[PDB]
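Coordinate inspection notes
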Amino acid sequence: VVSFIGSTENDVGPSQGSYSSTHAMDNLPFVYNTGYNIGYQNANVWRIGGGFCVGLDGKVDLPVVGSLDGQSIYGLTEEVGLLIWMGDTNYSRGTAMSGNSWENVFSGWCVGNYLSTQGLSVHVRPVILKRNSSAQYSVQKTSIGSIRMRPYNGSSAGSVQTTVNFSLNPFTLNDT
Ligand SMILES: CC(=O)N[C@@H]1[C@@H](O)[C@H](O)[C@@H](CO)O[C@H]1O
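Residues numbered from 1 in each chain as written, not as in the entry; some residues may be left out. Heavy atoms only, no water. Residues with missing side-chain atoms left out of burial classes, pairs and counts.

In the PDB header, X-ray crystallography is given as the technique by which the entry was determined, and 2.25 Å as its resolution.

Written out as structure tokens, the structure reads:
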């Protein structure tokens, strides 16, 4: 048994967020290490039971303005980009992202003959692209991508909602 209990649209990171870094941005691109603060986590998006086996798929829509260490830097504005992560519940369980096609983000599992729940989590890292002349970057609310449950081992979804989508909450990058 499965069931959708979460929400279709989920905002990544809080609104009006301010971030700072005194590290080093000499040789762009630079990537703020804000940990997992800009993201989304709902360990309860699908209710499952009876051997139901589920995995997790993710897909970012933003264009690939490049690639950082085998990961795809996704762009928003001329000067701003991001390192995107998607996967299962525990933020630490994230799977970096490359391209704009559906990729496996969580190997999944097979619950027992009891009632549990299936979750997901997104986390992003703000990348600075092209130079500026104010040392300040704005970020307007923009779509990012989605996650879709992956029923396997003979498991079925049916008409039960399989995908939820994400959106990047606005914010601004500082540095000083
Ligand atoms: C904490 C909880 O009760 N629900 C978790 C769910 O968030 C997670 O997606 C799934 C697979 O790891 O395992 C469930 O037990």
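**What to know about the sheet that holds strand β13 (residues 142–151)**
Two modes of strand pairing occur in sheets, parallel and antiparallel, and in both the strands are linked by backbone hydrogen bonds. The sheet built from 5 strands is open, its strands ordered β2-β14-β13-β6-β10 with mixed pairing. Sheet topology places β2 (9–12) and β10 (103–110) at the edges, where each strand pairs with a single neighbour. Along the sheet, successive strands turn relative to each other by an average axial angle of 25°, direction set aside. With 7 bridges joining them, strand β6 (residues 53–60) and β13 adopt antiparallel strand pairing. The residue of β13 that forms the bridge with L56 is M149. (Pairing = 2+ DSSP bridges. Helix = DSSP H or I, 4+ residues; strand = E, 2+ residues; numbered from the N terminus. Axes fitted to C-alpha atoms, helices over the stretch in contact; angles between N-to-C directions.)

**Quick word on the UniProt feature "binding site: a carbohydrate" in the protein chain**
In this numbering, the UniProt entry assigns the feature "binding site: a carbohydrate" to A43, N44, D88, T89, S116, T117, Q118 and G119. The greatest C-alpha distance among the residues just named is 14.3 Å, despite their covering 77 residues of sequence, which places them together in space. With relative accessibility at 14%, the residue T89 sits in the buried group. Among residues more than four places away in sequence, those in contact with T89 are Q41, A43, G119, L120 and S121. Within the secondary structure layout, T117 lies in strand β11 (residues 116–128). You can call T117 partly exposed: its relative accessible area is 29%. (UniProt positions renumbered as here; feature names shortened; annotations may be inferred. Buried < 20%, exposed > 50% of the residue type's maximum accessible area, 1.4 Å probe, protein only. Contact = heavy atoms within 4.5 Å.)

**Structural notes on the pairing of strand β5 (residues 39–48)**
Both strand β1 (residues 2–4) and β5 contribute to a ladder of 3 bridges, which runs antiparallel. The residue of β5 that forms the bridge with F4 is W46. Where β5 lies against β11, 7 bridges are found, and the strand directions are antiparallel. When the bridges of β11 are listed, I48 appears paired with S116.

**Here's the deal with the UniProt feature "disulfide bond" in the protein chain**
You can see the UniProt disulfide between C53 and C110 is made here, since their sulfurs are only 2.0 Å apart, below 2.5 Å. Remark: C110 occurs in strand β10 and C53 occurs in strand β6; sequence separation between them is 57 residues. Note on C110: relative accessible area 39%, which makes it partly exposed. (Disulfide = S-S within 2.5 Å.)

**Digging into the sheet that holds strand β15 (residues 171–173)**
Spatially, 3 strands are ordered β3-β15-β12 in an open sheet, and the strand pairing comes out mixed. This sheet does not close on itself; its edge strands, each paired only once, are β3 (17–19) and β12 (137–139). Averaged over neighbouring strand pairs, the angle between their axes works out to 15° when direction is ignored. In the sheet, β12 pairs with β15 via 3 bridges, with the strands oriented antiparallel. Bridge assignment links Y137 to a residue of β15, and that residue is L173.

**Details of the site of the ligand**
In the vicinity of the ligand, the residues found are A43, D88, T89, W109, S116, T117, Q118 and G119. Contact between the ligand and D88: an oxygen atom at 2.7 Å from a side-chain N or O atom of the residue. For the ligand, the protein covers 62% of the area, taking 370 Å² as the surface of the free molecule. Broken down by element, the shell around the ligand gets its largest block of residues, 4 residues, from β11. Within the shell around the ligand, the residues separate by chemical class into 2 nonpolar, 5 polar and 1 charged. (Near = heavy atom within 4 Å. Polar contact = N/O pair within 3.5 Å; in protein donor to acceptor, adjacent residues only side chain to side chain. Areas by Shrake-Rupley, 256 points an atom, 1.4 Å probe, with all protein chains shown as cover. Nonpolar A, V, L, I, M, F, W, Y, C, P; charged D, E, K, R; others polar.)

**Observations concerning the state of the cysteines**
This structure, assessed with the given rule, holds 1 disulfide. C53 shares a disulfide with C110; S-S distance 2.0 Å. In this structure the cystine formed by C53 and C110 twists about its S-S bond by roughly 100°; its chirality is therefore right-handed. When its relative accessible area of 4% is taken as the criterion, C53 is described as buried.

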